[PDB]
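First up is the structure itself, then whatever we jot down about it.
All Cβ positions, even for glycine, are placed from backbone atoms using ideal geometry, and neighbour counts span all protein chains on display. Any read-out appearing in this document is the output of simple, stated calculations on the displayed coordinates, not a laboratory observation.
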Amino acid sequence: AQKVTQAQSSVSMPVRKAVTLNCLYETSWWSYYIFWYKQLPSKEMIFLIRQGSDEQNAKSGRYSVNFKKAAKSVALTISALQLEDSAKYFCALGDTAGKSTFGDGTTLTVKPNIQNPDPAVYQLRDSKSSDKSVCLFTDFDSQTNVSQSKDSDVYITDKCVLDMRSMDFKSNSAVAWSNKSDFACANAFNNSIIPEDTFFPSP
Amino acid sequence: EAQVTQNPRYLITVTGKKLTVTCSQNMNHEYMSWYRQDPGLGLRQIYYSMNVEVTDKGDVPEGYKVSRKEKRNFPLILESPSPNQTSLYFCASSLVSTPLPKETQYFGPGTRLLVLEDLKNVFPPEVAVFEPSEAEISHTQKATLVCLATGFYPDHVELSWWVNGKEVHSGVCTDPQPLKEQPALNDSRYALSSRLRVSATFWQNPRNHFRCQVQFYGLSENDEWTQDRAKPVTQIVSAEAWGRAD
């Protein structure tokens, strides 16, 4: 048939390392092309490299292609991963007249190396109001995994990598808030595994 | 300067109301293509044009019509928009139908199209700014501000931070996708958060001004509105906060 298959729905890898993304396809076409795209979180689509079915392994910048024509596998390799490389990557197959067939993509999360972790949960009051507060988990290691809230009246976002460029300081953070009565920051992330030395301010 | 432009970038429409999506390029590209990306999936090809007045059906042409009256334009026409045509639409263009190694095929920014039975569930966002805690300032000598946009529908929003009138990206992190407030309803409103972190001493300067801005994409003046509440037009809604001496 006409199918392109990207087995890895999601992959995590540390910064500056290399990653290999597999792409298999079945096709009755014997002259064709392979495209690789990078979709940013903004959903902006970006062309990276194209591999011709009659050419040797394409290479450009930090990207490299491993074309194994017999197995119909055309893996793209990214070296020296940067935080900007965290995105969803797509493998695409095209013919000799503009037609194309897309796989369903692969989400890459590049984990940064936190050199001085300091996990803490802080409470922040509204600039304008009262009662309306938010709890902030931040400065934890990228191997710590924040857990989806299991209480539908408490909202908790996934991890978030910010980059204070002026200080060469990267830190993770997550936000939790709720309208319920006696919602407290100490209770917000009980559904997640937080470090045992997680700072909870006493005053 | 090379760029692919789509209009509109965000579109809310009522079922069965005819609409056309424009795609244009000033690079005299021969080959242009339309795709739809459903969430979590890949791009499904709708129509492509190998040159002016050449049209061929892609994998999902049903319910769509195109024309290629010239090289510059390749509009996507939805004769009778239906709910299953709600998707993120990408228009692509390339120098030639079979690109050489050095040549790039350029993609537009995407068109977020939403087809609905009615627009009564459209709501603009409420936005608030949350000041950093004195404990973070004490513990880390840093200060994280949090912005919260709530009560909006759909998730056709863009959030940015502006410090002393200038947009900043260093120290910023925004959630990748907005989360549902009441996931059970398809018509659940959404919420979105983002963090901005600055040095502790920067927050303590009262001359520094912080603004979180949420661009909401909604109805147009052309769109009819019958409900009592304010018409949810395209608009900006912001919240502000000033630095505070210790």
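Annotations for the structure displayed:
- Residue in the range A:94-117 that is within 8 Å of chain B (Cβ to nearest Cβ), in contact with a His (Cβ under 7 Å, 6 or more places away or on another chain) and surrounded by 20 or more Cβ atoms within 10 Å (Cβ to Cβ) present: no
- The single condition among (1) more than 10 Å from chain A (Cβ to nearest Cβ); (2) without any contact (Cβ under 8 Å) to a residue 60 or more places away in the chain that B:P101 does not meet is (1).
- Count of the range A:185-203 residues, restricted to those that are more than 14 Å from every other protein chain (Cβ to nearest Cβ) and either touching a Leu at 6+ places or on another chain (Cβ under 8 Å) or among the hydroxyl-bearing types (S, T, Y) (or both), is 1.
- Counting only strands (runs of 3 or more DSSP E) that fall entirely inside the range A:89-152 and contain at least 2 residues that are within 30 Å of A:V74 (Cβ to Cβ), the qualifying elements are A:100-102, A:106-111.
- Residues of the range A:153-172 classified as in a strand (DSSP E or B), charged (D, E, K, R) and more than 7 Å from chain B (Cβ to nearest Cβ), total: 1
- When the range B:109-123 is filtered for residues that are assigned to a loop (DSSP other than H, G, I, E, B), more than 8 Å from every other protein chain (Cβ to nearest Cβ) and either surrounded by 17 or more Cβ atoms within 10 Å (Cβ to Cβ) or touching a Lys or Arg at 6+ places or on another chain (Cβ under 9 Å) (or both), the ones remaining, listed by number, are B:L119, B:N121, B:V122.
- Qualifying residue in the range B:212-225 (condition: surrounded by 17 or more Cβ atoms within 10 Å (Cβ to Cβ) and among the charged types (D, E, K, R)): no
- When B:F210 is tested against (1) touching a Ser or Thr at 6+ places or on another chain (Cβ under 8 Å); (2) in contact (Cβ under 8 Å) with a residue 40 or more places away in the chain; (3) of a type outside the set (S, T, Y), just one condition goes unmet, and that condition is (1).
- Search result, residues across the range B:18-65 that are more than 10 Å from chain A (Cβ to nearest Cβ) and among the small types (G, A, S): B:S24, B:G63
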